Amino acid sequence: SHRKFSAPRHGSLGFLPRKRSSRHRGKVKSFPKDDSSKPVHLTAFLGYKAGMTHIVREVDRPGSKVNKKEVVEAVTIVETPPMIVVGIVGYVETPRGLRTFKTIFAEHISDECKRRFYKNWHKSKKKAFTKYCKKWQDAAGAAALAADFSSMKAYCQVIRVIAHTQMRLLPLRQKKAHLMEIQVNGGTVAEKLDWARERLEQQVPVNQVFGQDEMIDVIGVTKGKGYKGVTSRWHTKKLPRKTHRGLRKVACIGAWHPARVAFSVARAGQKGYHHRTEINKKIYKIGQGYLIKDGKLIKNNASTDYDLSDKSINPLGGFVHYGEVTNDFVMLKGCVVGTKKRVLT
Amino acid sequence: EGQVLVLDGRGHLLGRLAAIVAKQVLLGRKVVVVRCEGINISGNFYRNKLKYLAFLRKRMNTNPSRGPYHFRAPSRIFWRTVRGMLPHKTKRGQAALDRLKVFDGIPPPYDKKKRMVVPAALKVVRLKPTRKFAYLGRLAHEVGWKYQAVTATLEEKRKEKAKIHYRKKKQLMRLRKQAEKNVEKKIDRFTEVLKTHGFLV
Amino acid sequence: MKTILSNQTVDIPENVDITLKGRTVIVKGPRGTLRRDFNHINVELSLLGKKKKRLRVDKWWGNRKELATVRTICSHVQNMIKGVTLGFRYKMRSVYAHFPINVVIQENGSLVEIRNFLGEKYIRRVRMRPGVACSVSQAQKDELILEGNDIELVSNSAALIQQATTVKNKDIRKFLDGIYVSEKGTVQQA
RNA sequence: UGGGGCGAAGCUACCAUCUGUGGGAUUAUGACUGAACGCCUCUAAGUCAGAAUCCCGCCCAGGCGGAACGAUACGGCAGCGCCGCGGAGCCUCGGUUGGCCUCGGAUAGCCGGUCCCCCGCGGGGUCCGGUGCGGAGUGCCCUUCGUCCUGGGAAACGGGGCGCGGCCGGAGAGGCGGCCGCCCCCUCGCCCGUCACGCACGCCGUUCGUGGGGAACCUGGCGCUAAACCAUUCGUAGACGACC
RNA sequence: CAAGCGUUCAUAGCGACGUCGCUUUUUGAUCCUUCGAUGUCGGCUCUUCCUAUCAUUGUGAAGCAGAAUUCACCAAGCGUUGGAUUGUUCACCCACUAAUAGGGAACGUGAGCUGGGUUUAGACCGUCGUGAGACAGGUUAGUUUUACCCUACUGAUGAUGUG
RNA sequence: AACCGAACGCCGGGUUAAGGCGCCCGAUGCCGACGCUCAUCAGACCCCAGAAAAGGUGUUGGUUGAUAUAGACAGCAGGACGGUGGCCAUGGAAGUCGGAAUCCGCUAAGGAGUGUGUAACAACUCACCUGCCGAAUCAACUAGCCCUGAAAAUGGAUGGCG
Ligand SMILES: [Mg+2]
Ligand SMILES: [Mg+2]
Ligand SMILES: [Mg+2]
Ligand SMILES: [Mg+2]
Ligand SMILES: [Mg+2]
Ligand SMILES: [Mg+2]
Ligand SMILES: [Mg+2]
Ligand SMILES: [Mg+2]
Ligand SMILES: [Mg+2]
Ligand SMILES: [Mg+2]
Ligand SMILES: [Mg+2]
Ligand SMILES: [Mg+2]
Ligand SMILES: [Mg+2]
Ligand SMILES: [Mg+2]
Ligand SMILES: [Mg+2]
Ligand SMILES: [Mg+2]
Ligand SMILES: [Mg+2]
């Protein structure tokens, strides 16, 4: 017999191998469509979550009840010091998918970047990238990187730029940088390459990638919550106070005919630590780190022109539960996925 | 015959071909069907789309990741149809399928090999000219390929290339024929003995 | 019953020069050149008349339903000839009670721009097909002129704006407004 | 948890806050051209518009599915990768010339040649001339298959030394070609003489792709010179396991 | 099919006398399976499917001017609520809306619950019985097991393969 | 189970029944006949495992009746009148809500009317009859093949593949 009294399902399936994520720096899954006409830019970056705050903006939505009123918007602040480009990488299109030719990273490399290779390192001899580098100065420094780029010019189509974060600058206890390919959505390969050629080894800050008031999408991993019963996980009903064996459950899993519990019935399971792509968040402010020309500029952070104090976004006693944001943040409308200190793509 | 087979899927009939492939796979002969986008089907476009979409609804309710795999690439689609004509539960049937091999477009090694055509699965022969149809390419697209565009642009790139070879090969034959005439009185009593027992007339 | 033969000759004028690539007829006269493929219909197109006087379409081992088509090819060919000699002109007269349908062509032909049909704020836009030169008439009040060589192309394009202009959730017995075709003719008449 | 105010941290609530994103095929339907059916016709051959549909895209998982590139065990005893070229021996098998290429049309094609014309040795065009139950035919082409003698003719610079360096071209999942110097060596396809090769005394797995695939060990040259896991710590995570 | 209604007019909408079907959400027949007993009514929760479309998208109808409305097509994409009474399924009313469509899955779902009703043993009235006692005639009290085992599913380690 | 053939010591060869013969899967890897149909739900075998009245110029055959070089059919042009507010009905019905009826002239041919519609006309149209064209045309039945009628619940079965 039918359900007497209809209702929506509890919690979407288009979402549902609700497992502990296999990765942790939010992997970008789709890089925007490179229209070959507009200039070369990077399409992504890699900040990290600090904390949050009361922003007060004047509004300009003619028609609304709040035209020209003050409102407070809750905002995150994403600590985003500049990212170093180490290596470039070329993808060719195929019937079978999108295979990768030729990864080439720089002479030099870094040391934080090294970290994101050999698991336990104080044990290691730190040998990574020691015979690669040797190529950035000889006769075979002209073969396998020159004939190579010529190759990546010829046959290749889509070019990303491997870039490692500067972990050192942060208050995190972490020293292990966050490498990621960031696609270049430029105009034409070669132009989209004699450029990455040039930005090897080189600082890349947030004001290249991003503009203040661009809608962006944040890609990161949900804040962890352990095993949860069905009522916390799938957010179901509770059964009444009477029930002999547990009231934080689902009564009926299935009909004693499709003789399997289904796909799509509510269950106990890992909640949180899930990968998630949140979209279309606004940038309220692109920041600037407190740098020196004489004696600090803490001012150049939270000092809007309509108040002109000398604040840093750092509240009194840090962003509780990591620390002080000492370089370029981006201030994002509302809340973003993930806990504090979290790598946020 | 012996050795590896290469069949050029274009202009064939999806299952009519696959029955012939599958017979020879079971006789130990290695077949390689190529260019499966080109493979075509009797009945009008939509008919077989509608018939495919019927497939896609067939799906193991209690978990679908177990349930039937409705592969979308024509290679894969055809494989399926060949496979249904093998006894693939058993060891000889899986050992059979391994002798098969199937591509969308026409790849390395197989660009570079001459390649054959089953007239008894060939559309112009098997069908009437006043009847309608799908290309498994377009069918495959509207069902969830991602790679009709790519395997187009690559095949156009291959065609342009292959044309060069065809033209250079064309130019060697013109040399052969001119060099027969430029030496036809010290091979004029060998060519004799050719044309006498049939060869070369 | 299969009919051994059916055929038809199109009488081609002295102006035009058709030249058929196998089955594909191309036609060039004064106005321009048209092309069309009968790579479906399956017939034998001969150009028997010397100097150049006859297209003859055969059909040959054909049953009833393909015998039909002898005459249809024969038509799209006359219909080309009239197009490349004379050229067609569909006129379409806007119609109303009240809100003046307010047309404005906007590259050359191409964009036919329609404010105010029935007080509607949404400005309907309509593309023409290639080779179809729309233009607002004169010597008459609410009246477009769609000029082109190709019937096929000229009459989708009539119909596109004739159909873009349709009322909804009313009596279309009563609400007799929109733009619609009044006169299918030619540019030059002879 | 003696009681109760207030209460950081942490969980957590349309009880606070933030964010929910795009294409394609077309149904019904509406249409264009237009046949049957010397008219009319949404259709018989052709087209067009068309959605909470369907499929896809963003989104989530990620294969007895692949990618790229890092480093490759100094040693106190180690063990290997190449490269080449050397000697035995478990085993697991299938095979027993190759074919090195257009595109597609099918009530049509193939090729030649352009005198002529346009484009980038090529491509396109036009004219003519041949083939088209196809003879620069997958009914297809090629290459040979007992050995060497030597002493004529026909044929004469062909081939070789894992002969040796350089420049190409080829990337869809290349794995292959191609094209140039120099050393030494050899003189082979077809006719013929002319002799020869254990002639095993009618007998079977004969012949090769075979320096197969893989698993164990005897020579030289050049390079090499760890990471992983545990323990510890941390928590970004928690049952334990897993992870940062 | 079709006699009629519909001012007129068969067939916008309807439609008699007849007649051809489906459907298994109604009850019957039947007695094929189970009596070394498959938990026997309702409610809650939770999935999924069907369409026999109540809403909404796109459409064709009307006796469609608008407004409002019914007929029908693709169509099952997302909807179908809060209560008073009632063991109830079933009902009726208030209320909201956009709708308050209809159904299936062992008459979906007792090692999910509850146990209100059925349907033990205690009891009470009605009637019948001479009586023990009977009564789809009323009424109040009445123990609701066991998961560790294979499976499905949800997560979690992992696995041969890639030196 | 129960249909069809066929009744079974254990084997080699040959041969068959009922069945089959793209491939699963043995056999058509006949240069097999002659047909019919294209299904936006095809069809595809005695039980047995699906449909009906009823539809259906979807196409193919008949059957019968028609029409016509005195030149039809179809197409484009002209008339479609008068005797005549004919009679009943008046509420209007002069051809026309309805009916008895109910025929002549001009004839060419025009029904005292098929309809639109009009309160009634008109105005329009249709029978009838002409003008223009050139040879086959039309109607009712009846069958063959397909289309519709045709709507169900874990996903989906000519056996599957096709
Ligand atoms: Mg429901
Ligand atoms: Mg209890
Ligand atoms: Mg209305
Ligand atoms: Mg569309
Ligand atoms: Mg249509
Ligand atoms: Mg369209
Ligand atoms: Mg009546
Ligand atoms: Mg039991
Ligand atoms: Mg329906
Ligand atoms: Mg209640
Ligand atoms: Mg039940
Ligand atoms: Mg129980
Ligand atoms: Mg149960
Ligand atoms: Mg009780
Ligand atoms: Mg009792
Ligand atoms: Mg008493
Ligand atoms: Mg008594």
# chains A, B, ... in the order shown; residues from 1 in each chain; ligands from 1
$ select_by_dssp --residues "region 12-146 of chain C" --states "strand (DSSP E or B)" --output "ChimeraX atom specification"
/C:17-21,24-28,33-36,45-46,54-57,62-63,88-95,102-105,111-115,124-127,133-136,143-146
$ interface_residues --of "chain B" --to "chain D" --cutoff "9 Å" --atoms "only C-alpha atoms (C1' of nucleotides)" --output "ChimeraX atom specification"
/B:46,53,105-108,110-116,124,141-146,151,154,159-160,162-167,170,172-174,176-177,199-201
$ write_last_selection --atoms "N, CA, C and O atoms" --output "compact mmCIF listing (two decimals), in the first residue's frame"
# COMPACT_ATOMS: atom_id res chain seq x y z
N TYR B 46 15.82 7.81 -34.46
CA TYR B 46 15.14 7.87 -33.17
C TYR B 46 14.75 6.52 -32.63
O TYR B 46 15.02 6.21 -31.47
N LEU B 53 17.58 4.36 -25.03
CA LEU B 53 17.10 4.96 -23.80
C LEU B 53 16.33 3.93 -22.97
O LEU B 53 16.41 3.97 -21.75
N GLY B 105 37.32 5.85 -33.83
CA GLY B 105 38.36 6.39 -34.69
C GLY B 105 39.26 5.26 -35.11
O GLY B 105 38.92 4.09 -34.94
N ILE B 106 40.41 5.60 -35.67
CA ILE B 106 41.39 4.60 -36.13
C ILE B 106 42.86 4.94 -35.72
O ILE B 106 43.50 5.81 -36.31
N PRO B 107 43.39 4.23 -34.69
CA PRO B 107 44.65 4.56 -33.96
C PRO B 107 45.93 4.15 -34.62
O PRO B 107 45.89 3.43 -35.60
N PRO B 108 47.08 4.59 -34.05
CA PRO B 108 48.35 3.90 -34.15
C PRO B 108 48.23 2.37 -34.16
O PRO B 108 47.30 1.81 -33.59
N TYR B 110 46.89 0.85 -36.40
CA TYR B 110 45.79 0.48 -37.28
C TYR B 110 45.47 1.51 -38.38
O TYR B 110 44.90 1.14 -39.40
N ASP B 111 45.83 2.79 -38.18
CA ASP B 111 46.01 3.75 -39.32
C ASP B 111 46.90 3.15 -40.35
O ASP B 111 46.63 3.20 -41.55
N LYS B 112 47.99 2.58 -39.84
CA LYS B 112 49.07 2.13 -40.68
C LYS B 112 49.00 0.65 -41.11
O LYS B 112 50.02 -0.04 -41.17
N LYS B 113 47.78 0.21 -41.45
CA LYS B 113 47.53 -1.12 -41.99
C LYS B 113 46.32 -1.07 -42.91
O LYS B 113 45.34 -0.41 -42.61
N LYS B 114 46.43 -1.76 -44.05
CA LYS B 114 45.31 -1.95 -44.99
C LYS B 114 44.29 -2.81 -44.30
O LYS B 114 44.64 -3.60 -43.42
N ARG B 115 43.04 -2.66 -44.70
CA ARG B 115 41.97 -3.12 -43.84
C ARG B 115 40.61 -3.26 -44.46
O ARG B 115 40.16 -2.47 -45.29
N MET B 116 39.94 -4.28 -43.94
CA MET B 116 39.01 -5.06 -44.69
C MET B 116 37.59 -4.72 -44.28
O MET B 116 37.35 -3.87 -43.43
N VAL B 124 25.05 -1.02 -47.63
CA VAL B 124 24.61 -0.87 -49.02
C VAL B 124 24.06 -2.16 -49.63
O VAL B 124 23.20 -2.15 -50.50
N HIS B 141 26.39 9.75 -29.18
CA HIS B 141 26.44 11.11 -28.70
C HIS B 141 25.23 11.42 -27.85
O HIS B 141 25.36 11.76 -26.67
N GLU B 142 24.04 11.26 -28.43
CA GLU B 142 22.81 11.70 -27.77
C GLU B 142 22.46 10.88 -26.55
O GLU B 142 21.50 11.20 -25.85
N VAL B 143 23.23 9.82 -26.31
CA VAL B 143 23.09 8.95 -25.16
C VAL B 143 24.15 9.23 -24.06
O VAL B 143 24.00 8.77 -22.92
N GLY B 144 25.19 10.02 -24.37
CA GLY B 144 26.20 10.40 -23.40
C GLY B 144 27.65 10.06 -23.74
O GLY B 144 28.40 9.67 -22.84
N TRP B 145 28.06 10.20 -25.00
CA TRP B 145 29.49 10.32 -25.32
C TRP B 145 29.92 11.68 -24.84
O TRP B 145 29.10 12.56 -24.56
N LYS B 146 31.23 11.86 -24.79
CA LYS B 146 31.82 13.16 -24.69
C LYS B 146 32.73 13.48 -25.88
O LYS B 146 33.26 14.58 -25.98
N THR B 151 37.12 12.80 -31.74
CA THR B 151 37.33 11.77 -32.76
C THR B 151 36.95 12.22 -34.18
O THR B 151 37.28 11.52 -35.14
N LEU B 154 40.39 14.57 -34.92
CA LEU B 154 41.54 13.70 -35.07
C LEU B 154 41.50 12.94 -36.37
O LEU B 154 42.50 12.85 -37.07
N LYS B 159 43.01 11.81 -41.88
CA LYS B 159 42.60 11.75 -43.29
C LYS B 159 43.51 12.59 -44.17
O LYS B 159 44.00 12.11 -45.20
N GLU B 160 43.74 13.83 -43.75
CA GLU B 160 44.68 14.72 -44.43
C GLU B 160 46.04 14.07 -44.58
O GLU B 160 46.67 14.18 -45.62
N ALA B 162 46.82 10.63 -44.29
CA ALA B 162 46.67 9.46 -45.14
C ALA B 162 46.58 9.84 -46.62
O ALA B 162 47.11 9.14 -47.47
N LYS B 163 45.92 10.96 -46.92
CA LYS B 163 45.84 11.43 -48.29
C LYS B 163 47.22 11.68 -48.91
O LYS B 163 47.43 11.38 -50.09
N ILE B 164 48.14 12.23 -48.12
CA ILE B 164 49.52 12.45 -48.58
C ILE B 164 50.12 11.13 -49.05
O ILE B 164 50.56 11.02 -50.20
N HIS B 165 50.12 10.14 -48.16
CA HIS B 165 50.58 8.78 -48.48
C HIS B 165 49.85 8.30 -49.71
O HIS B 165 50.52 7.91 -50.67
N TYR B 166 48.50 8.33 -49.73
CA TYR B 166 47.83 7.81 -50.92
C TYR B 166 48.45 8.52 -52.15
O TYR B 166 48.86 7.84 -53.09
N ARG B 167 48.60 9.84 -52.13
CA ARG B 167 49.14 10.53 -53.31
C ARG B 167 50.60 10.17 -53.68
O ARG B 167 50.92 10.04 -54.86
N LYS B 170 50.38 6.86 -55.17
CA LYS B 170 49.87 7.09 -56.51
C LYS B 170 51.01 7.46 -57.44
O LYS B 170 51.05 6.99 -58.58
N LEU B 172 54.23 6.59 -57.16
CA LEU B 172 55.09 5.42 -57.45
C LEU B 172 54.52 4.53 -58.53
O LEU B 172 55.28 3.96 -59.32
N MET B 173 53.20 4.37 -58.56
CA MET B 173 52.57 3.53 -59.59
C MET B 173 52.72 4.10 -60.99
O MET B 173 52.90 3.35 -61.95
N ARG B 174 52.67 5.42 -61.07
CA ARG B 174 52.92 6.15 -62.31
C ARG B 174 54.35 5.98 -62.81
O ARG B 174 54.60 5.94 -64.01
N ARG B 176 56.06 3.10 -61.88
CA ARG B 176 56.06 1.69 -62.30
C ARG B 176 55.63 1.59 -63.76
O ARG B 176 56.34 1.00 -64.58
N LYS B 177 54.48 2.19 -64.10
CA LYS B 177 53.91 2.05 -65.46
C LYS B 177 54.76 2.68 -66.55
O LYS B 177 54.84 2.15 -67.65
N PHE B 199 48.29 -14.79 -65.50
CA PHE B 199 48.94 -13.66 -64.85
C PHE B 199 49.15 -12.46 -65.76
O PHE B 199 49.79 -12.58 -66.79
N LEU B 200 48.60 -11.32 -65.37
CA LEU B 200 48.89 -10.06 -66.03
C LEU B 200 48.34 -9.98 -67.46
O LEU B 200 49.08 -10.13 -68.43
N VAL B 201 47.03 -9.75 -67.55
CA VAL B 201 46.36 -9.49 -68.83
C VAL B 201 45.20 -8.54 -68.62
O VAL B 201 45.12 -7.50 -69.26
$ residues_near_ligand --ligand "ligand 16" --cutoff "12 Å" --atoms "only C-alpha atoms (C1' of nucleotides) and all ligand atoms" --output "NGL selection string"
:E and (124-127)
$ residues_around --residues "residue 188 (chain A)" --least-positions-apart "2" --cutoff "6 Å" --atoms "only C-alpha atoms (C1' of nucleotides)" --output "VMD selection string"
chain A and resid 36 191 to 192
$ residues_near_ligand --ligand "ligand 6" --cutoff "8 Å" --atoms "only C-alpha atoms (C1' of nucleotides) and all ligand atoms" --output "list in words"
residues 26, 48, 49 and 50 of chain D
$ write_last_selection --atoms "N, CA, C and O atoms (P, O5', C5', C4', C3', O3' and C1' of nucleotides)" --output "PDB file, in the first residue's frame"
ATOM      1  P     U D  26      16.665  16.942 -33.794  1.00  0.00           P
ATOM      2  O5'   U D  26      15.590  15.761 -33.873  1.00  0.00           O
ATOM      3  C5'   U D  26      14.168  15.955 -33.653  1.00  0.00           C
ATOM      4  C4'   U D  26      13.763  15.468 -32.274  1.00  0.00           C
ATOM      5  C3'   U D  26      12.284  15.513 -31.931  1.00  0.00           C
ATOM      6  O3'   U D  26      11.445  14.498 -32.475  1.00  0.00           O
ATOM      7  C1'   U D  26      13.585  16.221 -30.075  1.00  0.00           C
ATOM      8  P     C D  48      16.393  21.477 -40.123  1.00  0.00           P
ATOM      9  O5'   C D  48      15.359  22.544 -39.570  1.00  0.00           O
ATOM     10  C5'   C D  48      15.423  23.868 -40.095  1.00  0.00           C
ATOM     11  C4'   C D  48      14.316  24.711 -39.527  1.00  0.00           C
ATOM     12  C3'   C D  48      14.119  24.673 -38.025  1.00  0.00           C
ATOM     13  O3'   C D  48      15.137  25.433 -37.389  1.00  0.00           O
ATOM     14  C1'   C D  48      12.024  24.614 -39.102  1.00  0.00           C
ATOM     15  P     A D  49      15.480  25.183 -35.857  1.00  0.00           P
ATOM     16  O5'   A D  49      14.124  25.606 -35.130  1.00  0.00           O
ATOM     17  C5'   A D  49      13.834  26.990 -34.852  1.00  0.00           C
ATOM     18  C4'   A D  49      12.539  27.125 -34.083  1.00  0.00           C
ATOM     19  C3'   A D  49      12.450  26.395 -32.744  1.00  0.00           C
ATOM     20  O3'   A D  49      13.187  27.048 -31.699  1.00  0.00           O
ATOM     21  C1'   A D  49      10.450  26.065 -33.953  1.00  0.00           C
ATOM     22  P     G D  50      13.697  26.227 -30.394  1.00  0.00           P
ATOM     23  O5'   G D  50      12.371  25.527 -29.866  1.00  0.00           O
ATOM     24  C5'   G D  50      11.325  26.219 -29.160  1.00  0.00           C
ATOM     25  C4'   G D  50      10.283  25.208 -28.731  1.00  0.00           C
ATOM     26  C3'   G D  50      10.808  24.078 -27.851  1.00  0.00           C
ATOM     27  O3'   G D  50      10.806  24.427 -26.464  1.00  0.00           O
ATOM     28  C1'   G D  50       9.564  23.151 -29.638  1.00  0.00           C
TER      29        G D  50
END
$ interface_residues --of "chain B" --to "chain E" --cutoff "9 Å" --atoms "only C-alpha atoms (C1' of nucleotides)" --output "list in words"
residues 61, 62 and 63 of chain B
$ write_last_selection --atoms "C-alpha atoms" --output "compact mmCIF listing (two decimals), in the first residue's frame"
# COMPACT_ATOMS: atom_id res chain seq x y z
CA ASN B 61 17.26 -0.66 -8.31
CA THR B 62 18.63 -1.74 -4.93
CA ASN B 63 22.10 -0.83 -6.05
$ closest_atom_pairs --of "chain A" --to "ligand 11" --cutoff "12 Å" --atoms "only C-alpha atoms and all ligand atoms" --output "Markdown table"
| residue | atom | partner | partner_atom_place_in_ligand_line | distance |
| --- | --- | --- | --- | --- |
| A:1 | CA | ligand 11 | 1 (Mg) | 8.1 |
| A:2 | CA | ligand 11 | 1 (Mg) | 11.4 |
| A:255 | CA | ligand 11 | 1 (Mg) | 10.1 |
| A:256 | CA | ligand 11 | 1 (Mg) | 10.1 |
| A:257 | CA | ligand 11 | 1 (Mg) | 11.8 |
$ write_last_selection --atoms "C-alpha atoms" --output "mmCIF file, in the first residue's frame"
data_model
loop_
_atom_site.group_PDB
_atom_site.id
_atom_site.type_symbol
_atom_site.label_atom_id
_atom_site.label_comp_id
_atom_site.auth_asym_id
_atom_site.auth_seq_id
_atom_site.Cartn_x
_atom_site.Cartn_y
_atom_site.Cartn_z
ATOM 1 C CA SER A 1 0.000 0.000 0.000
ATOM 2 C CA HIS A 2 0.970 3.541 -0.729
ATOM 3 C CA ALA A 255 9.519 -3.630 1.815
ATOM 4 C CA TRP A 256 9.936 -7.419 2.581
ATOM 5 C CA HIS A 257 9.989 -7.687 -1.224
#
$ interface_residues --of "chain C" --to "chain B" --cutoff "9 Å" --atoms "only C-alpha atoms" --output "list in words"
residues 40, 41, 42 and 66 of chain C
$ select_by_dssp --residues "region 5-186 of chain C" --states "helix (DSSP H, G or I)" --output "JSON, numbers by chain"
{"C": [64, 65, 66, 67, 68, 69, 70, 71, 72, 73, 74, 75, 76, 77, 78, 79, 80, 81, 82, 83, 84, 85, 117, 118, 119, 151, 152, 153, 154, 155, 156, 157, 158, 159, 160, 161, 162, 163, 164]}
$ residues_near_ligand --ligand "ligand 5" --cutoff "10 Å" --atoms "only C-alpha atoms (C1' of nucleotides) and all ligand atoms" --output "ChimeraX atom specification"
/D:27-31,42-43 /F:40
$ residues_around --residues "region 117-129 of chain C" --least-positions-apart "3" --cutoff "8 Å" --atoms "only C-alpha atoms (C1' of nucleotides)" --output "PyMOL selection string"
chain C and resi 98-102+109-114+132-134+153-154+157+160-161+164-165+177-178
$ atom_distance --atom1 "atom 1 (Mg, counted along the ligand's line) of ligand 13" --atom2 "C1' of residue 112 (chain E)"
7.5 Å
$ interface_residues --of "chain C" --to "chain D" --cutoff "7 Å" --atoms "only C-alpha atoms (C1' of nucleotides)" --output "list in words"
residues 40, 41, 42, 43, 44, 65, 68, 69, 71, 72, 152, 155, 156 and 159 of chain C
